[PDB]
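Structure file my_file.cif; described as mmCIF, C-alpha atoms and all ligand atoms.
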data_upload
loop_
_atom_site.label_atom_id
_atom_site.label_comp_id
_atom_site.auth_asym_id
_atom_site.auth_seq_id
_atom_site.Cartn_x
_atom_site.Cartn_y
_atom_site.Cartn_z
CA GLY D 58 -24.14 -44.50 -225.62
CA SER D 59 -26.37 -45.99 -222.85
CA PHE D 60 -25.05 -46.68 -219.31
CA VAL D 61 -28.25 -47.78 -217.54
CA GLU D 62 -26.29 -49.20 -214.57
CA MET D 63 -25.01 -45.65 -213.77
CA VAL D 64 -28.06 -43.54 -214.67
CA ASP D 65 -29.78 -42.06 -211.57
CA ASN D 66 -26.93 -43.04 -209.21
CA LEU D 67 -26.73 -39.63 -207.49
CA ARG D 68 -28.68 -38.06 -204.64
CA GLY D 69 -28.55 -34.66 -202.97
CA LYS D 70 -29.03 -31.00 -203.90
CA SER D 71 -27.03 -27.92 -204.79
CA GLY D 72 -26.78 -26.53 -201.24
CA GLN D 73 -25.58 -29.78 -199.53
CA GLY D 74 -23.88 -31.43 -202.53
CA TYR D 75 -24.54 -34.48 -204.72
CA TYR D 76 -23.24 -37.86 -203.63
CA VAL D 77 -22.74 -41.39 -204.98
CA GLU D 78 -22.65 -44.67 -203.06
CA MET D 79 -19.21 -46.26 -202.80
CA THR D 80 -17.69 -49.16 -200.90
CA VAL D 81 -14.33 -49.29 -199.15
CA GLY D 82 -12.49 -52.25 -197.65
CA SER D 83 -12.93 -56.03 -197.33
CA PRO D 84 -15.69 -56.93 -196.57
CA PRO D 85 -17.11 -53.81 -198.28
CA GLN D 86 -18.13 -50.87 -196.08
CA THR D 87 -20.82 -48.78 -197.81
CA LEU D 88 -20.49 -44.95 -197.60
CA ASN D 89 -22.17 -42.03 -199.37
CA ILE D 90 -19.53 -39.84 -201.02
CA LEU D 91 -19.85 -36.25 -202.30
CA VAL D 92 -18.84 -35.87 -205.97
CA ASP D 93 -16.33 -32.98 -206.03
CA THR D 94 -14.73 -31.76 -209.25
CA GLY D 95 -13.05 -28.95 -207.17
CA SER D 96 -10.58 -31.19 -205.24
CA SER D 97 -8.43 -34.23 -205.90
CA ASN D 98 -8.42 -36.36 -202.72
CA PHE D 99 -10.63 -39.27 -201.73
CA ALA D 100 -11.27 -38.54 -198.02
CA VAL D 101 -13.73 -40.30 -195.78
CA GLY D 102 -14.92 -40.02 -192.16
CA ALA D 103 -12.92 -42.62 -190.20
CA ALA D 104 -13.82 -41.72 -186.58
CA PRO D 105 -17.09 -40.87 -184.75
CA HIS D 106 -18.57 -37.43 -185.47
CA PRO D 107 -22.01 -36.09 -184.34
CA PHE D 108 -23.07 -35.58 -188.02
CA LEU D 109 -22.03 -39.09 -189.21
CA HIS D 110 -24.13 -42.23 -188.67
CA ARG D 111 -21.37 -44.36 -190.26
CA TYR D 112 -17.66 -44.14 -190.98
CA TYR D 113 -14.73 -46.11 -192.42
CA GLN D 114 -13.42 -48.64 -189.87
CA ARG D 115 -9.88 -49.51 -191.04
CA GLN D 116 -9.43 -52.22 -188.36
CA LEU D 117 -12.38 -54.15 -189.94
CA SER D 118 -10.83 -54.18 -193.44
CA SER D 119 -8.44 -57.05 -194.28
CA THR D 120 -7.22 -55.11 -197.35
CA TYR D 121 -6.40 -51.88 -195.48
CA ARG D 122 -2.77 -50.72 -195.95
CA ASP D 123 -1.37 -47.96 -193.70
CA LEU D 124 0.81 -45.41 -195.58
CA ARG D 125 2.12 -44.12 -192.13
CA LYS D 126 1.60 -40.50 -193.22
CA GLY D 127 -0.73 -37.74 -192.07
CA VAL D 128 -2.54 -35.14 -194.16
CA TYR D 129 -3.75 -31.69 -192.95
CA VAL D 130 -6.16 -29.80 -195.19
CA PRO D 131 -7.12 -26.25 -194.11
CA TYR D 132 -9.45 -24.57 -196.64
CA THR D 133 -11.34 -21.20 -196.67
CA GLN D 134 -14.64 -22.51 -195.14
CA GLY D 135 -13.17 -25.23 -192.88
CA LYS D 136 -10.60 -27.98 -192.23
CA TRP D 137 -9.93 -31.70 -191.94
CA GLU D 138 -7.03 -33.85 -190.78
CA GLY D 139 -6.44 -37.48 -191.57
CA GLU D 140 -4.28 -40.54 -191.97
CA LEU D 141 -3.28 -41.83 -195.41
CA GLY D 142 -3.73 -45.42 -196.49
CA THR D 143 -4.95 -47.55 -199.38
CA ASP D 144 -7.83 -50.03 -199.71
CA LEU D 145 -10.05 -51.70 -202.30
CA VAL D 146 -12.78 -49.33 -203.53
CA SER D 147 -15.89 -49.93 -205.67
CA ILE D 148 -18.88 -47.93 -206.93
CA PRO D 149 -21.97 -50.25 -206.72
CA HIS D 150 -23.89 -48.24 -209.37
CA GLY D 151 -20.77 -47.74 -211.44
CA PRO D 152 -18.28 -49.65 -213.57
CA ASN D 153 -18.14 -53.24 -212.47
CA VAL D 154 -14.53 -52.95 -211.23
CA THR D 155 -12.72 -52.76 -207.89
CA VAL D 156 -9.54 -50.77 -207.56
CA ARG D 157 -6.82 -50.16 -205.03
CA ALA D 158 -6.97 -46.46 -204.21
CA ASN D 159 -5.57 -43.91 -201.79
CA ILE D 160 -7.93 -43.00 -198.92
CA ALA D 161 -7.47 -40.22 -196.42
CA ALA D 162 -9.07 -41.47 -193.23
CA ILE D 163 -10.49 -38.34 -191.57
CA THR D 164 -9.80 -38.36 -187.82
CA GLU D 165 -10.43 -34.64 -186.97
CA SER D 166 -12.47 -31.94 -188.77
CA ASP D 167 -13.99 -28.46 -188.38
CA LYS D 168 -17.09 -27.31 -190.34
CA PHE D 169 -16.48 -30.11 -192.93
CA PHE D 170 -19.32 -32.60 -192.27
CA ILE D 171 -22.83 -31.14 -192.85
CA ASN D 172 -25.70 -32.17 -190.55
CA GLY D 173 -28.32 -34.01 -192.68
CA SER D 174 -26.27 -34.03 -195.95
CA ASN D 175 -26.28 -37.87 -195.90
CA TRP D 176 -22.61 -38.05 -197.10
CA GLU D 177 -19.60 -39.37 -195.14
CA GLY D 178 -16.74 -38.49 -197.44
CA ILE D 179 -15.63 -36.69 -200.59
CA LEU D 180 -14.48 -37.94 -203.96
CA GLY D 181 -12.06 -35.37 -205.39
CA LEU D 182 -12.22 -35.81 -209.17
CA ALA D 183 -9.73 -33.10 -210.23
CA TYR D 184 -6.03 -33.63 -211.08
CA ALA D 185 -3.00 -34.67 -209.04
CA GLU D 186 -1.48 -31.15 -209.12
CA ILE D 187 -3.89 -30.05 -206.34
CA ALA D 188 -3.85 -33.34 -204.35
CA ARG D 189 -2.81 -33.17 -200.68
CA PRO D 190 -0.20 -33.38 -199.23
CA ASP D 191 1.29 -33.17 -202.76
CA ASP D 192 0.93 -34.42 -206.38
CA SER D 193 2.51 -37.83 -205.54
CA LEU D 194 -0.80 -38.95 -203.91
CA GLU D 195 -2.55 -40.46 -206.91
CA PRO D 196 -6.24 -39.33 -207.13
CA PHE D 197 -9.00 -41.97 -207.30
CA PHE D 198 -9.86 -41.45 -210.97
CA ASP D 199 -6.19 -41.75 -212.03
CA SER D 200 -6.04 -45.11 -210.15
CA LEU D 201 -9.31 -46.26 -211.72
CA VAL D 202 -8.05 -45.57 -215.28
CA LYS D 203 -4.56 -47.05 -214.64
CA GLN D 204 -5.87 -50.31 -213.13
CA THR D 205 -8.88 -51.02 -215.43
CA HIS D 206 -10.05 -50.52 -219.03
CA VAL D 207 -12.41 -47.71 -217.94
CA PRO D 208 -12.10 -44.82 -220.50
CA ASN D 209 -10.49 -41.59 -219.15
CA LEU D 210 -13.74 -39.60 -219.02
CA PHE D 211 -16.71 -39.09 -216.73
CA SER D 212 -19.88 -37.08 -217.09
CA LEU D 213 -22.23 -35.45 -214.57
CA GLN D 214 -25.93 -34.69 -214.75
CA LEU D 215 -26.84 -32.85 -211.50
CA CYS D 216 -30.63 -32.54 -211.14
CA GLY D 217 -32.07 -29.67 -209.14
CA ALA D 218 -35.68 -30.40 -208.14
CA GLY D 219 -36.84 -26.78 -208.67
CA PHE D 220 -38.47 -26.83 -205.22
CA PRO D 221 -37.31 -27.70 -201.66
CA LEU D 222 -36.98 -31.38 -200.77
CA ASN D 223 -37.60 -32.24 -197.11
CA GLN D 224 -35.43 -34.75 -195.10
CA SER D 225 -37.39 -37.78 -196.39
CA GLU D 226 -37.89 -36.57 -199.99
CA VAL D 227 -34.16 -35.81 -200.51
CA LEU D 228 -33.34 -39.41 -199.41
CA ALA D 229 -35.99 -40.89 -201.75
CA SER D 230 -35.34 -38.60 -204.73
CA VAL D 231 -33.00 -39.13 -207.71
CA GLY D 232 -30.46 -36.30 -207.76
CA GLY D 233 -28.81 -37.11 -211.07
CA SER D 234 -26.18 -39.30 -212.71
CA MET D 235 -22.46 -39.78 -212.67
CA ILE D 236 -21.47 -41.78 -215.78
CA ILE D 237 -18.00 -43.18 -215.27
CA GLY D 238 -16.18 -43.90 -218.53
CA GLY D 239 -18.77 -42.58 -220.94
CA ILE D 240 -21.56 -40.29 -222.17
CA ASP D 241 -25.18 -41.32 -221.83
CA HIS D 242 -27.26 -39.76 -224.61
CA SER D 243 -30.55 -40.00 -222.61
CA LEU D 244 -29.27 -37.30 -220.17
CA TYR D 245 -29.21 -34.39 -222.58
CA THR D 246 -30.98 -32.79 -225.54
CA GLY D 247 -29.41 -31.11 -228.55
CA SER D 248 -25.67 -31.03 -229.20
CA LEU D 249 -22.62 -31.25 -226.96
CA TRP D 250 -20.22 -28.27 -227.29
CA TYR D 251 -16.68 -28.53 -225.94
CA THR D 252 -14.37 -26.02 -224.30
CA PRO D 253 -10.64 -26.82 -223.78
CA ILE D 254 -9.38 -27.70 -220.29
CA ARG D 255 -6.83 -24.82 -220.08
CA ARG D 256 -4.59 -26.63 -217.58
CA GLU D 257 -4.96 -29.90 -215.68
CA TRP D 258 -5.17 -28.95 -211.99
CA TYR D 259 -8.73 -27.77 -211.28
CA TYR D 260 -11.02 -28.22 -214.33
CA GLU D 261 -9.96 -24.77 -215.61
CA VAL D 262 -11.80 -23.13 -218.56
CA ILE D 263 -11.82 -19.75 -220.30
CA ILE D 264 -14.96 -17.50 -220.42
CA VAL D 265 -14.76 -15.07 -223.35
CA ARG D 266 -18.04 -13.07 -223.10
CA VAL D 267 -20.87 -12.62 -220.59
CA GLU D 268 -24.45 -11.49 -221.38
CA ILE D 269 -27.42 -10.68 -219.17
CA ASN D 270 -30.61 -11.01 -221.27
CA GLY D 271 -28.46 -10.63 -224.41
CA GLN D 272 -26.82 -7.42 -223.12
CA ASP D 273 -23.02 -7.68 -223.16
CA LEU D 274 -21.47 -7.07 -219.72
CA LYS D 275 -18.69 -5.51 -221.91
CA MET D 276 -15.78 -6.13 -219.52
CA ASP D 277 -12.22 -6.98 -220.63
CA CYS D 278 -12.61 -10.80 -220.83
CA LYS D 279 -9.51 -11.27 -218.64
CA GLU D 280 -11.73 -10.01 -215.76
CA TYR D 281 -14.02 -13.04 -216.21
CA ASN D 282 -11.12 -15.43 -215.58
CA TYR D 283 -9.28 -13.49 -212.85
CA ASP D 284 -7.45 -15.45 -211.45
CA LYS D 285 -9.02 -18.60 -212.96
CA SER D 286 -12.40 -20.00 -214.00
CA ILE D 287 -13.24 -23.55 -212.90
CA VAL D 288 -16.10 -26.11 -213.02
CA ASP D 289 -16.79 -27.25 -209.45
CA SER D 290 -19.63 -29.60 -208.45
CA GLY D 291 -18.54 -29.06 -204.81
CA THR D 292 -19.49 -25.33 -204.83
CA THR D 293 -23.20 -24.47 -204.66
CA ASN D 294 -23.23 -21.06 -206.37
CA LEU D 295 -22.11 -19.43 -209.56
CA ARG D 296 -19.22 -17.43 -208.00
CA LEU D 297 -17.81 -14.46 -209.90
CA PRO D 298 -14.68 -12.31 -209.38
CA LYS D 299 -15.50 -9.19 -207.31
CA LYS D 300 -15.59 -6.70 -210.23
CA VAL D 301 -17.58 -9.10 -212.46
CA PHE D 302 -20.01 -9.83 -209.62
CA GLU D 303 -20.56 -6.08 -209.07
CA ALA D 304 -21.25 -5.51 -212.82
CA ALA D 305 -23.46 -8.63 -213.16
CA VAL D 306 -25.57 -7.83 -210.06
CA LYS D 307 -26.11 -4.26 -211.32
CA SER D 308 -27.33 -5.67 -214.66
CA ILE D 309 -29.53 -8.37 -213.04
CA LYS D 310 -31.04 -5.71 -210.73
CA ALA D 311 -31.73 -3.46 -213.77
CA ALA D 312 -33.40 -6.28 -215.72
CA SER D 313 -35.57 -7.28 -212.71
CA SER D 314 -36.26 -3.65 -211.63
CA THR D 315 -40.07 -4.03 -211.72
CA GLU D 316 -39.65 -5.68 -208.24
CA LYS D 317 -37.28 -4.35 -205.55
CA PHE D 318 -35.37 -6.90 -203.43
CA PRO D 319 -33.56 -6.16 -200.20
CA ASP D 320 -29.77 -5.87 -200.07
CA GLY D 321 -29.59 -9.16 -198.09
CA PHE D 322 -31.16 -11.02 -201.05
CA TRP D 323 -28.48 -9.84 -203.50
CA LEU D 324 -25.80 -10.75 -200.93
CA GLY D 325 -27.11 -14.35 -201.14
CA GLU D 326 -27.97 -14.32 -197.40
CA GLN D 327 -31.72 -13.65 -197.28
CA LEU D 328 -34.51 -15.63 -198.84
CA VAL D 329 -37.26 -14.05 -201.00
CA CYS D 330 -40.75 -15.63 -201.08
CA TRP D 331 -43.76 -15.49 -203.34
CA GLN D 332 -47.28 -16.89 -202.97
CA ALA D 333 -47.38 -20.57 -204.15
CA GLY D 334 -46.88 -20.81 -207.92
CA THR D 335 -46.46 -17.04 -208.51
CA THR D 336 -42.61 -16.80 -208.73
CA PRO D 337 -42.15 -14.09 -211.41
CA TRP D 338 -39.51 -15.94 -213.41
CA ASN D 339 -40.11 -13.71 -216.44
CA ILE D 340 -38.85 -10.55 -214.66
CA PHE D 341 -35.44 -12.18 -214.09
CA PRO D 342 -32.95 -12.29 -216.96
CA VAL D 343 -31.22 -15.25 -218.55
CA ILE D 344 -27.39 -15.32 -218.19
CA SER D 345 -25.11 -16.49 -221.00
CA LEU D 346 -21.48 -17.45 -220.52
CA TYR D 347 -19.48 -17.79 -223.76
CA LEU D 348 -16.68 -20.32 -223.56
CA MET D 349 -13.63 -20.81 -225.81
CA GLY D 350 -14.35 -23.42 -228.48
CA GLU D 351 -12.13 -26.19 -229.81
CA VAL D 352 -11.80 -24.50 -233.25
CA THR D 353 -9.56 -21.41 -233.67
CA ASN D 354 -11.55 -18.14 -233.27
CA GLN D 355 -14.73 -20.00 -232.37
CA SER D 356 -16.75 -19.84 -229.12
CA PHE D 357 -20.12 -21.19 -227.96
CA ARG D 358 -22.50 -20.08 -225.21
CA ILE D 359 -24.32 -21.75 -222.33
CA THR D 360 -27.48 -19.97 -221.14
CA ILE D 361 -29.04 -20.38 -217.71
CA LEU D 362 -32.37 -19.27 -216.37
CA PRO D 363 -33.39 -17.82 -213.00
CA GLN D 364 -34.69 -21.41 -212.32
CA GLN D 365 -30.95 -22.27 -212.05
CA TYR D 366 -29.56 -19.19 -210.24
CA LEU D 367 -32.47 -18.84 -207.75
CA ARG D 368 -31.96 -21.78 -205.32
CA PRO D 369 -35.17 -23.17 -203.77
CA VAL D 370 -35.20 -23.03 -199.94
CA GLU D 371 -37.89 -23.72 -197.37
CA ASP D 372 -39.39 -20.65 -195.60
CA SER D 376 -45.71 -21.69 -195.20
CA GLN D 377 -46.96 -22.66 -198.69
CA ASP D 378 -44.89 -19.90 -200.31
CA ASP D 379 -42.21 -20.61 -202.92
CA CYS D 380 -38.90 -19.24 -201.59
CA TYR D 381 -35.38 -18.91 -202.93
CA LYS D 382 -31.91 -17.61 -202.27
CA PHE D 383 -29.87 -15.75 -204.93
CA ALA D 384 -27.17 -18.31 -205.86
CA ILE D 385 -24.69 -15.93 -207.48
CA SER D 386 -21.99 -14.62 -205.19
CA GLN D 387 -18.64 -12.87 -205.10
CA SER D 388 -15.24 -14.61 -205.28
CA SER D 389 -11.61 -13.49 -204.64
CA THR D 390 -10.31 -16.78 -206.24
CA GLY D 391 -11.85 -16.54 -209.74
CA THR D 392 -15.05 -17.73 -211.38
CA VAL D 393 -16.59 -20.93 -209.99
CA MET D 394 -19.23 -22.67 -212.09
CA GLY D 395 -20.91 -24.44 -209.17
CA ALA D 396 -23.80 -26.83 -208.86
CA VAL D 397 -26.56 -24.28 -209.62
CA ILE D 398 -24.92 -23.74 -213.10
CA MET D 399 -24.19 -27.48 -213.57
CA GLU D 400 -27.89 -28.20 -212.89
CA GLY D 401 -28.73 -26.64 -216.26
CA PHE D 402 -26.40 -28.95 -218.21
CA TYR D 403 -25.05 -32.38 -218.81
CA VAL D 404 -21.30 -31.83 -218.27
CA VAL D 405 -18.69 -34.14 -219.86
CA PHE D 406 -15.26 -34.17 -218.22
CA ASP D 407 -13.33 -35.53 -221.20
CA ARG D 408 -9.94 -35.94 -219.56
CA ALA D 409 -8.65 -38.06 -222.48
CA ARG D 410 -9.17 -35.17 -224.95
CA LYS D 411 -8.46 -32.34 -222.40
CA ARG D 412 -11.93 -30.78 -222.88
CA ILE D 413 -15.23 -30.22 -221.09
CA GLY D 414 -18.52 -30.69 -222.92
CA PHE D 415 -21.84 -29.00 -222.20
CA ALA D 416 -25.31 -29.89 -223.41
CA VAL D 417 -28.78 -28.87 -222.21
CA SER D 418 -29.72 -31.22 -219.37
CA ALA D 419 -32.77 -33.46 -219.72
CA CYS D 420 -33.49 -32.60 -216.02
CA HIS D 421 -32.99 -28.81 -216.02
CA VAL D 422 -35.81 -26.77 -214.46
CA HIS D 423 -37.54 -24.32 -216.82
CA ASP D 424 -40.93 -22.83 -217.66
CA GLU D 425 -43.16 -22.87 -220.75
CA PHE D 426 -41.52 -19.77 -222.21
CA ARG D 427 -37.75 -20.22 -221.80
CA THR D 428 -35.25 -23.08 -221.61
CA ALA D 429 -31.55 -23.37 -220.86
CA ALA D 430 -29.42 -23.50 -224.03
CA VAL D 431 -26.04 -24.51 -225.43
CA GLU D 432 -25.49 -22.81 -228.80
CA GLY D 433 -22.80 -22.05 -231.28
CA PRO D 434 -20.61 -21.31 -233.05
CA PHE D 435 -19.74 -17.60 -232.65
CA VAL D 436 -16.74 -15.87 -234.17
CA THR D 437 -14.58 -14.66 -231.22
CA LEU D 438 -11.07 -13.21 -231.63
CA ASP D 439 -7.99 -13.22 -229.34
CA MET D 440 -9.57 -15.68 -226.85
CA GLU D 441 -6.12 -16.61 -225.43
CA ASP D 442 -6.00 -12.98 -224.09
CA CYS D 443 -8.97 -13.85 -221.85
CA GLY D 444 -6.81 -16.23 -219.83
CA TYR D 445 -5.10 -14.78 -216.75
CA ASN D 446 -1.35 -15.29 -216.08
CA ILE D 447 0.56 -14.70 -212.73
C1 LIG D 501 -11.40 -34.08 -200.29
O1 LIG D 501 -10.11 -33.47 -200.20
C2 LIG D 501 -10.05 -32.12 -200.25
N1 LIG D 501 -11.17 -31.41 -200.23
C3 LIG D 501 -11.06 -30.09 -200.47
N2 LIG D 501 -12.21 -29.37 -200.52
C4 LIG D 501 -12.34 -27.90 -200.47
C5 LIG D 501 -13.84 -27.68 -200.19
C6 LIG D 501 -14.37 -26.43 -200.89
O2 LIG D 501 -14.31 -25.34 -200.35
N3 LIG D 501 -14.92 -26.60 -202.14
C7 LIG D 501 -15.43 -25.40 -202.82
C8 LIG D 501 -14.84 -27.80 -202.82
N4 LIG D 501 -15.13 -27.83 -204.08
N5 LIG D 501 -14.50 -28.91 -202.14
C9 LIG D 501 -14.50 -29.01 -200.67
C10 LIG D 501 -15.88 -29.31 -200.04
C11 LIG D 501 -17.06 -29.63 -200.78
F1 LIG D 501 -16.95 -29.71 -202.11
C12 LIG D 501 -18.28 -29.89 -200.20
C13 LIG D 501 -18.39 -29.85 -198.82
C14 LIG D 501 -17.29 -29.57 -198.03
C15 LIG D 501 -16.08 -29.32 -198.64
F2 LIG D 501 -15.00 -29.12 -197.86
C16 LIG D 501 -13.47 -30.06 -200.24
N6 LIG D 501 -9.91 -29.43 -200.72
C17 LIG D 501 -8.78 -30.17 -200.70
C18 LIG D 501 -7.50 -29.44 -200.96
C19 LIG D 501 -8.82 -31.54 -200.45
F3 LIG D 501 -7.70 -32.28 -200.35
#
Kindly return the structure encoded in the file as structure tokens.
Amino acid sequence: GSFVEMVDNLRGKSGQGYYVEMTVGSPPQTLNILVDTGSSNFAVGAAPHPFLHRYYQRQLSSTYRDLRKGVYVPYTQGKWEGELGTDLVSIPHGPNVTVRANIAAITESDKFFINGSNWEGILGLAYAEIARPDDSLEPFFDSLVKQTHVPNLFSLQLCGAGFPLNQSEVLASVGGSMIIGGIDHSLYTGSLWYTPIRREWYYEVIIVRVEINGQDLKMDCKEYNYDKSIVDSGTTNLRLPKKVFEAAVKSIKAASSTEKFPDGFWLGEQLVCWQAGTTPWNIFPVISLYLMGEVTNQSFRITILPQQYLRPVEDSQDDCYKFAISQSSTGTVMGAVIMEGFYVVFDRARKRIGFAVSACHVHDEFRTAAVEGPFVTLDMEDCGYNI
């Protein structure tokens, strides 16, 4: 329905992540926490770091409980180490509940905290299977549902500004909404279409067809989900498996061939700039991802614009961007630049993810993002990768 208390509770941007205010401990210690559907731990800075202006101080919390266990998390882009415990946790612009949750108190880290991101921890919203050190460490959302009457569902509306936000603007700007326990109808237009959650670990989905400006990429659909496809608010880009990325970039280059861009742009490294207001959106194609539907032999599609996959960056008065589609060796990742086009419903109760056009997606007068269906699609189970 309507969840006014939770609307506009996020801040941030696709490159540095979107965060929500939370409190930990007694008396409550306020922290900004990145919303991450690509991990399953609640982990917060708990020791001084040059990029943190605040951190969780366990000795100041009367409700802190030490689990006497460490946790070491090395990942591709960095690492963090911490100490496990539990404490009382709340979300001020959330459900009016307080729960006892696991917290990994980060004591050491490398390339984890981002200078100027304004967040001090991460809220892993995925399933226990991928929790660290193992699946016995109950994730925050599982604790929230078990201890309260909050429905087993959350929904995210990530709002890209469509232009760069400076240090002050990004702190003053509304970055979107995280609706805990429901769907807020003011955040989207049109209908919600649902895709099954293939397996409960990451939020895994199955892509069954890909188009660039209506032209079928025509790959065996198993390539689109090799080795998995996931929805991850903690990744900035739309990441595609190597072979799919190579085919998609060739097609995007062909569609936009009236302007030549350097190799560094297509590698997502180099910015491209245009005179203020002259970004040639129309030369860039729309991209449609067809997802398995809930009905047998039915799919639907989500369509994004270059206003989603070209990420605004500061250079001058020029309008500059980076190409926010990049290669992956770990499957498709529908990151924040894709989520910015849609209101995304993580319906854990019904093992499905819903998509609708976002009320805050960036577009122009000629094209809009879309969520459309149904389409007849056969043998969609064959699109899923095994082993
Ligand atoms: C919190 O706890 C854990 N965290 C991670 N993560 C992996 C990271 C990552 O690469 N992506 C793509 C990702 N989705 N999540 C990470 C992340 C961010 F989102 C944003 C900024 C920094 C980050 F480290 C955090 N993984 C495991 C296993 C955790 F226990």
### Query
If we count only C-alpha atoms, what is near region 242-250 of chain D at a cut-off of 8 Å, once residues fewer than 5 positions away on the same chain are taken out, given as a ChimeraX atom specification?
/D:58-59,214,350,357,402-403,414-420,431-433
Counting all atoms listed in the file, which residues of chain D fall within 7 Å of ligand LIG 501 (chain D), and what is the closest atom pair for each with its distance in Å at one decimal, ordered by chain and rising number, as JSON lines?
{"residue": "D:74", "atom": "CA", "partner": "D:LIG501", "partner_atom": "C12", "distance": 6.3}
{"residue": "D:91", "atom": "CA", "partner": "D:LIG501", "partner_atom": "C12", "distance": 6.9}
{"residue": "D:93", "atom": "CA", "partner": "D:LIG501", "partner_atom": "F1", "distance": 5.1}
{"residue": "D:94", "atom": "CA", "partner": "D:LIG501", "partner_atom": "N4", "distance": 6.5}
{"residue": "D:95", "atom": "CA", "partner": "D:LIG501", "partner_atom": "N4", "distance": 3.9}
{"residue": "D:96", "atom": "CA", "partner": "D:LIG501", "partner_atom": "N6", "distance": 4.9}
{"residue": "D:97", "atom": "CA", "partner": "D:LIG501", "partner_atom": "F3", "distance": 5.9}
{"residue": "D:98", "atom": "CA", "partner": "D:LIG501", "partner_atom": "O1", "distance": 4.2}
{"residue": "D:99", "atom": "CA", "partner": "D:LIG501", "partner_atom": "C1", "distance": 5.4}
{"residue": "D:100", "atom": "CA", "partner": "D:LIG501", "partner_atom": "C1", "distance": 5.0}
{"residue": "D:130", "atom": "CA", "partner": "D:LIG501", "partner_atom": "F3", "distance": 5.9}
{"residue": "D:132", "atom": "CA", "partner": "D:LIG501", "partner_atom": "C4", "distance": 5.8}
{"residue": "D:133", "atom": "CA", "partner": "D:LIG501", "partner_atom": "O2", "distance": 6.3}
{"residue": "D:134", "atom": "CA", "partner": "D:LIG501", "partner_atom": "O2", "distance": 5.9}
{"residue": "D:135", "atom": "CA", "partner": "D:LIG501", "partner_atom": "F2", "distance": 6.6}
{"residue": "D:169", "atom": "CA", "partner": "D:LIG501", "partner_atom": "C14", "distance": 5.2}
{"residue": "D:170", "atom": "CA", "partner": "D:LIG501", "partner_atom": "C14", "distance": 6.8}
{"residue": "D:179", "atom": "CA", "partner": "D:LIG501", "partner_atom": "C1", "distance": 5.0}
{"residue": "D:180", "atom": "CA", "partner": "D:LIG501", "partner_atom": "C1", "distance": 6.2}
{"residue": "D:181", "atom": "CA", "partner": "D:LIG501", "partner_atom": "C1", "distance": 5.3}
{"residue": "D:187", "atom": "CA", "partner": "D:LIG501", "partner_atom": "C18", "distance": 6.5}
{"residue": "D:188", "atom": "CA", "partner": "D:LIG501", "partner_atom": "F3", "distance": 5.7}
{"residue": "D:189", "atom": "CA", "partner": "D:LIG501", "partner_atom": "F3", "distance": 5.0}
{"residue": "D:289", "atom": "CA", "partner": "D:LIG501", "partner_atom": "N4", "distance": 5.7}
{"residue": "D:290", "atom": "CA", "partner": "D:LIG501", "partner_atom": "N4", "distance": 6.5}
{"residue": "D:291", "atom": "CA", "partner": "D:LIG501", "partner_atom": "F1", "distance": 3.2}
{"residue": "D:292", "atom": "CA", "partner": "D:LIG501", "partner_atom": "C7", "distance": 4.5}
### Message
With distances taken over all atoms listed in the file, which residue among D:383, D:338, D:220, D:258 lies nearest residue 319 (chain D)?
### Response
D:383
### Test item: which residues lie within 6 Å of (-10.9, -27.6, -220.9) counting all atoms listed in the file, as number ranges by chain
D: 252-255, 262, 411-413
### Task
Tell me which of D:371, D:144, D:62, D:424 sits closest to residue 83 (chain D), counting all atoms listed in the file.
D:144
### d(CA of residue 434 (chain D), CA of residue 306 (chain D)) in Å
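Calculated distance between CA of residue 434 (chain D) and CA of residue 306 (chain D) is 27.1 Å.
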Find the axis-aligned box for region 95-103 of chain D, covering all its listed atoms and adding 8 Å on each side, and write its centre and edge lengths in Å to one decimal as lines of an AutoDock Vina configuration file.
center_x = -11.7
center_y = -35.8
center_z = -198.7
size_x = 22.5
size_y = 29.7
size_z = 33.0
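Proximity of D:176, D:323, D:60, D:113 to residue 89 (chain D), computed with only C-alpha atoms, is greatest for D:176.
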### Task
Within 10 Å of (-34.8, -9.5, -212.1) (coordinates as in the file), grab all the protein and nucleic acid residues, counting all atoms listed in the file, and write them out as a ChimeraX atom specification.
/D:306,308-318,337-343,363
### Given all atoms listed in the file as the counted atoms, nearest of D:109, D:64, D:103, D:128 to residue 190 (chain D)
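With all atoms listed in the file as the atom set, the closest residue is D:128.
Atom to atom, CA of residue 381 (chain D) and CA of residue 76 (chain D) stand 22.5 Å apart.
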### Task
Show which residues sit within 12 Å of residue 238 (chain D), as a list in words. Count only C-alpha atoms, and ignore same-chain residues fewer than 4 positions away.
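So, after excluding close chain neighbours, the residues are residues 58, 59, 60, 63, 151, 152, 153, 154, 198, 201, 202, 205, 206, 207, 208, 209, 210, 211, 212, 213, 405, 406, 407, 408 and 409 of chain D.
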### Message
Can you pull out the residues contacting residue 165 (chain D)? Cut-off 7 Å, using all atoms listed in the file, and skip same-chain residues under 4 positions away; I want them as a ChimeraX atom specification.
### Response
/D:137-139
### CA of residue 84 (chain D) to CA of residue 196 (chain D), distance in Å rounded to a single decimal
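Answer for the CA of residue 84 (chain D) to CA of residue 196 (chain D) separation: 22.6 Å.
Distance check against residue 217 (chain D) using all atoms listed in the file: of D:394, D:430, D:370, D:237, the minimum falls on D:370.
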### Message
I want to know what sits within 7 Å of residue 282 (chain D), based on all atoms listed in the file, with residues of the same chain fewer than 2 positions away left out; could you give that as a PyMOL selection string?
### Response
chain D and resi 263-264+279-280+284-286+391-392+443-445
### Using all atoms listed in the file: which of D:172, D:112, D:266, D:82 has the shortest distance to residue 142 (chain D)
D:82
